[PDB]
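In: This one's a deposited entry, sequence included:
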Amino acid sequence: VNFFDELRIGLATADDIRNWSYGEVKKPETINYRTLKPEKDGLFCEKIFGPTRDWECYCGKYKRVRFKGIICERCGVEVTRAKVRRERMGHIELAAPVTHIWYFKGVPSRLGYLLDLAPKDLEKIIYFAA
Amino acid sequence: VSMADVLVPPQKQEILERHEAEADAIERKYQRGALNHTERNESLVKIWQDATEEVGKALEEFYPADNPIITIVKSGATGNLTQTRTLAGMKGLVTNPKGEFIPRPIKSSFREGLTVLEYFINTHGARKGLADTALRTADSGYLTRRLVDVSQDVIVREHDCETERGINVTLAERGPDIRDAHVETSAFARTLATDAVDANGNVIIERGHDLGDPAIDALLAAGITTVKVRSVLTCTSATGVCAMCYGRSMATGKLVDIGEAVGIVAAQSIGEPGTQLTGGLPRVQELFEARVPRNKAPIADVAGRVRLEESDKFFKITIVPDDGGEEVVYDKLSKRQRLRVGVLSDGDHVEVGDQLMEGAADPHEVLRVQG
Amino acid sequence: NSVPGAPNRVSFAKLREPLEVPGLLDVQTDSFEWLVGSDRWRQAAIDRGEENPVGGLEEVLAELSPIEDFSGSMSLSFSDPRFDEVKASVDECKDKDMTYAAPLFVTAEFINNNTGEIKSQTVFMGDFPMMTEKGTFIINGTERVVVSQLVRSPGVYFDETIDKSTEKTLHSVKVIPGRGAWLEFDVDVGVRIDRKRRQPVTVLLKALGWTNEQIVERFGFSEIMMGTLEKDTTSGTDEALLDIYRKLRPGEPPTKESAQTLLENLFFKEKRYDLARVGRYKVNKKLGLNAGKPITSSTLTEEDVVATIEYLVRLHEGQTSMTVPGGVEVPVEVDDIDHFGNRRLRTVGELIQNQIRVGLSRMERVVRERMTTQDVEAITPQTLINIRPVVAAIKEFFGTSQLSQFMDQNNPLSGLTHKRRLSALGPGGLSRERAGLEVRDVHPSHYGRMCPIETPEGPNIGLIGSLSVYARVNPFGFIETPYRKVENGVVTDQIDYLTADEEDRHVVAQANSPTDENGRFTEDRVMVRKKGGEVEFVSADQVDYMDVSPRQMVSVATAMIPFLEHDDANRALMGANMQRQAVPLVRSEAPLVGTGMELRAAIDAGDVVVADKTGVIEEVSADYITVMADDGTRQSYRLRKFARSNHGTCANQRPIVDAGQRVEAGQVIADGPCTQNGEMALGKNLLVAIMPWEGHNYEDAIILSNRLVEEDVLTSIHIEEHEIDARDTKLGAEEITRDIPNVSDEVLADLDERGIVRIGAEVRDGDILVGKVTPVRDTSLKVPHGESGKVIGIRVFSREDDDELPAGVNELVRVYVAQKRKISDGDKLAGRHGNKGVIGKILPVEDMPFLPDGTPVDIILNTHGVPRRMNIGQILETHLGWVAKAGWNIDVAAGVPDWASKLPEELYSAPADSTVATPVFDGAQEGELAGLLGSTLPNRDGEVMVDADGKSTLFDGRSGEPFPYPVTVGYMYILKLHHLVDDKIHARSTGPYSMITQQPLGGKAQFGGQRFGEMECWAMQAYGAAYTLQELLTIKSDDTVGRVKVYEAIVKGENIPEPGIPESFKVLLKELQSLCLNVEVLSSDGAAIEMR
Amino acid sequence: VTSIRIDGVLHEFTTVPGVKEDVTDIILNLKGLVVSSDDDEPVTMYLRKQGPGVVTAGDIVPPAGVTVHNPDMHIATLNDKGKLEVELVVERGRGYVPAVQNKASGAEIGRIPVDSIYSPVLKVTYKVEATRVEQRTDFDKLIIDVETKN
Amino acid sequence: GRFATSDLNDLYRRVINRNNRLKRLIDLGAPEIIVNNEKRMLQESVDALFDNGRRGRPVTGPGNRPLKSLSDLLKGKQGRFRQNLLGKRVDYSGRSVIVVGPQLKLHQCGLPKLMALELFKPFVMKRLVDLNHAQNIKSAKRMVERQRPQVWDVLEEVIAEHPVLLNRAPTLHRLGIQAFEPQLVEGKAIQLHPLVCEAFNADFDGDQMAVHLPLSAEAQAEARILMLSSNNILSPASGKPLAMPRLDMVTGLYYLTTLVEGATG
Amino acid sequence: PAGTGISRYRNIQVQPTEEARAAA
Ligand SMILES: [Mg+2]
Ligand SMILES: [Zn+2]
Ligand SMILES: [Zn+2]
């Protein structure tokens, strides 16, 4: 927590990204126009990202500090502090997997240098022109 | 300060009008067209600069020591002889927005008050100055950012890496048998690499000496015209640098600390005077960036005897070697760039270290040639 | 002098002024009265111009009309931009938050050729913002100014660049139109047109229909040119049209017929491609052709191109003397972009005219569609016309555009300089970053046109100039300067005007000429300005023109700095820059030492009320002044009492004239914010002493006598405006009402039942200015922190009421809180000579270096500053000040004293507090002051205070001893500067944080922190203070647990918790993990961890 | 003067109907008063100058033991239309005090605080004459010139 | 009543919308060309979301301006690092106009007493509730807000040998920051020492300096030990003293010590 | 890690001396 040593970098594998994530994003909706609460499994949603305001469930069942670690069975959000909204990442399951641009449009293209293609040919392969 | 306290020098007008007499002849020959614009400009500028210096001398001489302007200036309190010269007698020559000097000088002191012409000519230099100094802060900030970012790692990690390697500082100007002027910046406040052996071996100073004024003087009194000081350039540290190899710190007044971030101190300290850096900031910028110079003056790959082949438009320089073989040839050597001043002449011998033309040696060239 | 009712200022003018300084704020009014069809400008143009002068609106409507759909079956032609009277008064427009504008009408007809003939009618578009007699606009009830823009004129610029490869110069030409594609000629790329990179120079000639022998005849001289005519695959005409067709656009089928029509549409057609009368005139006069040709000319079709290539060819040939067939002989040289003959000035009129043009072009498309969709004949152009695209194009010019600025209302002079401004930045010019170091530097052509002293001190140094006192703008849009003609060494009383290019071709002599009544030259040779604006010296044979008056080159602010010539341009620049930030004082008094320009500047600035007609004052009130004129009708001027000026300072007016008093036309009646008897009085006259005083003035700091703060001499009034509204949000509806649920009674006291504060209630930081409620939670308007004082007036703009209001909002409420700022410690002071300073110490009246008569000196400015800063002016200004306050009956002599050999007009006697004028070049001389200080003035007691040298023996109030040497005391005009602690001072232990970033805010309004930059971190690390920096960069800024935990720990009085988890690192970790980079921090040995 | 009260205006930054100069410049002119008060407590004076004319410092009606010593001074000019009604509060202090706020203290909206200067002295200087030569015991004589507000 | 959102939302929305369409295209059994075009568009959308203006034309929302992608929040002069991670505004910190305070010792500085009172607002409250001056912490937080006569005698007790870090932007060298003991002064001006102006490069011509309050015992200590003016007399550059007589003191001491002949006594 | 952030500095155990403890 307080301690630190050498930091390392890598590539976020789908399994590691899934292992990060707390729930799946599966709606294009942001927030409700009337009540201004976020909709279930959309952007900003309280199920996966944790609660909006400090000690509050979606529907409004638990607002006490007494209850810590419990997950409401009504909506399914976990009653904790609101700070986690900066610490919780989501994930999006793609039906077909797409490539990362960083290892493609970088000079030289790394993906192409792994599988020995020309970057234009690789481009044509990955962008469904071949 | 008062209108009565500030005094115009009595020789000012006598000199000014005596230079006007010749300036009239210069401008007359320029008007006739017997002398070129550049020659007439050069002559006039030289004359009126001489006049400016004369008026400066008059200002220096006439004023009493009890005079407040001399007190504010000549005590070192602020300003300079130039400012009291601009205030008493004449402002002098003043440059165009390009930088070339206008042949007409400001003959009137700020006490006397300027003419619309003189003031309007003065505006150029002031505004140009204000602009270039208004950029200089940002440019020097930018330089200081790079100079901080490069030396992010150089911190005093350990006490001593335990090396005998050190850079060699002369500390003395070829005797006398003649003290060096830049000892204070060079070999002062530095730990030694070796014991200070003399002709006999009457060893005066041992290893791990701070080299204070007593020690520096003692090394001069010993009669040695060089000493081997222990520097960061020769530090065998795994991470950053080791305390003892840096030398004593300037902030503390003692041996540098085993925590000190000497890199970022150095970065700040080298980064600070860029605002006061008025040949200039381009040279330090290009030197620190290690970029190819504005004037690529060649250095000698091999030592030998110089010969002058005075070619058409440009020069051609050939060094006949000592060991025996081929002589070093360069095609086009810039005449306006000027050869190095012992002066370069047809049938002299020059060293490997010696730069051939007057200007800036290409750091990569010097590295690959020497080391 | 030559002004009806002003306090007579005795003058140090050695030369009699031949011309009277022209009406200041000219460039605005002349331009704006040009733009619209105005009778005064009409008659002015009749007096000096063509028989038919076309108004800006008329010429843009002429440039638009007619609109056709190619065919020429349906036609629309607007004309006659006739105006009515203005909508309401300025004060009412400022009151009601509306635009001070005029309804605009056009005589329009819809011609229909094939069907029956349709008649003309008067079409109404909308209200057009008009310029007041203060040369300003009032947009949305705020007083906005359009600054004049310096732009590179349409015209032909020849240039020579030295080659890097070869030792041979390269001549590059560049024409640039009003609205069209760039044509550019280069020697060997040959020509580029609409980004057509690299074409031979002869092709566009061949395309014009020029046969070989005409190339050989026209372009015979110079080599390369003929080799460039030779070097081309397509030598033939049709081939060249196909070639330039292919080069112009690679796409679209290229036909010879199409190529010629597109060429002739792109560079011959007047509507598509437009070179304005400035451009036509400039290329015409520079090439030398169309000498004695009227306006309303077209694009450079052919005849120009021949002249340009001939001029280039001669420029290569190396012979200045040239004559073109069917054109006047002009000299052949390179063209300088910095030369003001080539730099035009686009002013309010043209800058509006462009937006009217763009708006009308935006309208032309909508018309072209409308007449296409609507029925033939049965359409009615009054029926079908879009008003939006013009009113939008105008509203958007004064809405957010850089060239439409907020008027600088720190004082009149600030306004006058702000309106007499030359801006090089903005849309159509050069960007501040893009602009190089060459453009910013002063150029010899600037002289008597743009101020080579005045400019902002920021990143815009040399970029934003101010137009010079005497300079005036031409209908074209060039900066003409007035001068006097001299015939064979005999000056004339006639005043001529020079554009710069003619002044370049002539020789101009300097204003310090040996002037007798005859004006015949006695000095054998004078100093003159040469063709390249170089300082030379010549006999009266060469001299044709002479400077009308000294201080041609200065701005109004630059002009109002006495002994400017004894100052340096840098400190003078700063002097002007700060002078146009000098705050009005509750009792303003005119400088005892100034120039005459202060008297003139105020009455022209227009913030003072001037007597429009000759009469006798009927009755004087504080609210208004009523004058009974000669004819019989009365004028009642209503004074704006304590109006919040744009820059926060007050615009308080007062009447100066008595009831039983006659008043002439053009006389001062009211007292502006910075007038006392009609004279630019910004600061005060204070008895300064020049010396070091016990380190309180060290490094250009300033020392005050409490007397100033007590007597209220440098006390200002600062009014902060506070705006809030009740907009109907989607939740419910906002309300401006007293009652809030969860508050105390005692705080709800200043408010009335309606929920606004009662007028004059003193407010403490935390008080409620407007009671407002959100749908109920509280979102009331509280007085911001650092602000206090008395409530002047409350405004309300109800939805039910007639007032023009923003879109959606129902009830707007503004609040004026006025703080009477007394000159406290840490506030900025400055003279007129750039000598700035902060008030280091306010001494109690008694402990103050005081005169032998017992008067304590007000300020002590540090001596070491003066020779270093190089601005001795302030000391001569000081000296003369003593001569100004201490009245002087000079016992002249039986045969006149030497110093008074060239003594000015009857300036031998002067009473007590004699206000003196000294112009900025023809002013008080060096040795004159040595005679002027040698002047008897027994101040009550029968003794002199100040000696011949101008020093005085001071007693130290603090010590009690006399000073061992006499110190330079005297009267100095000093200026209360705007750089105030109410702006600058700011503190924050904790407070309200931002939602987006988790570090404290910036600014005093939001109660922000203070920015800890990188360079501070560098220094912290140079010290090696890891803990301090790591405390500053974690708990003091970011960490949400950190700040509350450290606050809690501090208030509890416990150990400060070790800052663990910064928000920045979480942000960057999450952000890096968002870009699919797996980052895991390993320990020295063992398994890795999450931060929490 | 400690605090002034005009019945017409509510505060310093407005104007009275039918006066030439406004309450601000009126207040700045009132500083020219040289009022003398033997009373240690705050004492209230009145001025009700009605109709046309110039209002002088003698036109105040002071209670017993309050004296105004320069009635030649000019405060404000009134037209026939205007009436100026002011009541001034004089307190006996020393030196200078800043205009105390009427928001913090329990004073009403009507009262305007003024920049109160408790300095009856106007100008004070001195010069020390030589008086008797160096020999035979030289002594200083000081002559101190004092100038009051009357 | 207006809503302030982030561009990311648009891009994530595009991606998830395209994904959720593609899923339905797989569910229905759409032709391979439609599906592969949807996959291409999805690829383009995710590519744009990770880095916009990386391939071809960027995605634009209001008025043809490109939306800031995820890599746009880690790149450029104004994304991260250069501005966001290097410099930020802090608490327990102020900024005022500087004035020369020549009475003061080199370690001493002067603070505007209101600004000071705001700058030590907790540290005063602590002592005001530790003493029987404020009955309760809330009441102390009111009393410090009202700025009552009883706090001023305490603020000396709280500020007693409690250092503050004076900094001037731009900080050109290490001595551009220096720690001082804050003396409480009336007025609205920071009373700087006349000797530290050579170091700070700060003319009293409207220049302003920031003050910072070290909170941790470590920070407080280090402020007293390292960066206290009295310690930092010599330049890091050379080791020449920078905190030395300059401009005025030079002329003062020069007049004081200059021996001139033909004088009195 | 520079200055007062090396392991030899950030880890320093400062105990009151045995002679100072009993003396108190
Ligand atoms: Mg400065
Ligand atoms: Zn729930
Ligand atoms: Zn080492």
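Out: Happy to help now that I have it. Numbering: from 1, shown residues only, chains lettered A, B, ... in the order given. Ligands and ions are numbered 1, 2, ... in the order given.

In: Going by C-alpha atoms from here, please, whenever you check contacts or count neighbours.
Out: Will do.

In: Strands along the stretch 51-200 of chain B, start to end?
Out: B:156-158, B:167-169 (DSSP state E, counting those that start in this stretch).

In: quick one: the closest residue to chain E within chain F and residue C:792, what's the gap?
Out: Of all residues in chain F, residue F:4 sits closest to chain E, at 8.9 Å by CA to the nearest CA. From residue F:4 across to residue C:792, the span is 57 Å (CA to CA, to the nearest Å).

In: cool, residue C:292 as well?
Out: Distance, residue C:292 to residue C:792, by CA to CA: 62 Å.

In: before we move on, what about residue E:146?
Out: Going from residue E:146 to residue C:792 by CA to CA gives 25 Å.

In: host element of residue B:17?
Out: helix B:11-32 (DSSP states H and E).

In: Might you enumerate the residues of chain F proximal to ligand 2?
Out: On the criterion CA under 5 Å from the ion, ligand 2 has no neighbours in chain F.

In: Grab the most central residue of chain F for me.
Out: With distances taken as CA atoms, centre = their mean, the residue of chain F nearest its centroid is residue F:14 (2.5 Å).

In: Give the helix, strand or coil label for the most centrally placed residue in chain D.
Out: When CA atoms, centre = their mean is applied to chain D, the residue found nearest the centroid is residue D:33 (3.3 Å). Three-state call for residue D:33 (DSSP: H, G, I helix; E, B strand; the rest coil): coil.

In: That one contacts residue D:68, doesn't it?
Out: Yes - here residue D:33 lies in contact with residue D:68, judged by CA atoms under 8 Å, at a distance of 6.9 Å.

In: Buried residues in stretch A:115-129, which are they?
Out: For stretch A:115-129, a neighbour-count test (16 or more other CA atoms under 10 Å in any protein chain shown) marks A:119, A:122-123, A:126-127 as buried.

In: between those residues, which is nearest ligand 3?
Out: Using CA to the ion, residue A:119 comes nearest to ligand 3 of those, at 48.3 Å.

In: ok, for residue A:56, nearest residue in space, not its chain neighbours?
Out: In space, and not counting its chain neighbours, residue A:56 is closest to residue A:63: 4.9 Å by CA to CA, 6 or more residues apart in numbering or on different chains.

In: Only C-alpha atoms, please: export the longest helix along chain F in CSV.
Out: Scanning chain F for the helix with the most residues, using DSSP state H, yields helix F:18-23. Taking Å, rounded to 0.1, in the frame of the first residue of the first chain, the C-alpha atoms of helix F:18-23 are listed here in CSV:
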residue,chain,number,x,y,z
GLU,F,18,20.3,4.9,27.5
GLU,F,19,21.9,7.7,29.8
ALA,F,20,19.1,10.1,28.8
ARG,F,21,16.2,7.5,29.4
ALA,F,22,16.9,6.8,33.1
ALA,F,23,17.7,10.6,33.6
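
In: circling back to that earlier point, I'd like to know which of the strands of the stretch 51-200 of chain B is closest to chain D.
Out: That would be, of those and by CA to the nearest CA, strand B:156-158, which comes in at 57.6 Å.

In: number of nearby residues for the closest residue to residue D:79 other than its chain neighbours?
Out: Nearest residue to residue D:79 in three dimensions, chain neighbours excluded: residue D:52, at 4.4 Å (CA to CA, 6+ apart). For residue D:52, the tally of surrounding residues (other CA atoms under 10 Å in any protein chain shown) stands at 15.

In: Surely residue D:52 touches residue D:20?
Out: No - counting by CA under 8 Å, residue D:20 is not a contact partner of residue D:52; they are 11.1 Å apart.

In: which residues do those two both contact?
Out: Common contacts of residue D:52 and residue D:20 (CA atoms under 8 Å, 6 or more residues apart in numbering or on different chains): D:77-79.

In: among those residues, which are within reach of ligand 3?
Out: Checking the shared contacts of residue D:52 and residue D:20 against ligand 3 by CA under 5 Å from the ion, not one of them is in range.

In: State the three-state secondary structure for the residue of the stretch 151-300 of chain C found nearest chain B.
Out: Nearest residue of the stretch 151-300 of chain C to chain B (CA to the nearest CA) works out as residue C:167 at 11.5 Å. Counting by three-state DSSP, the backbone at residue C:167 sits in coil.
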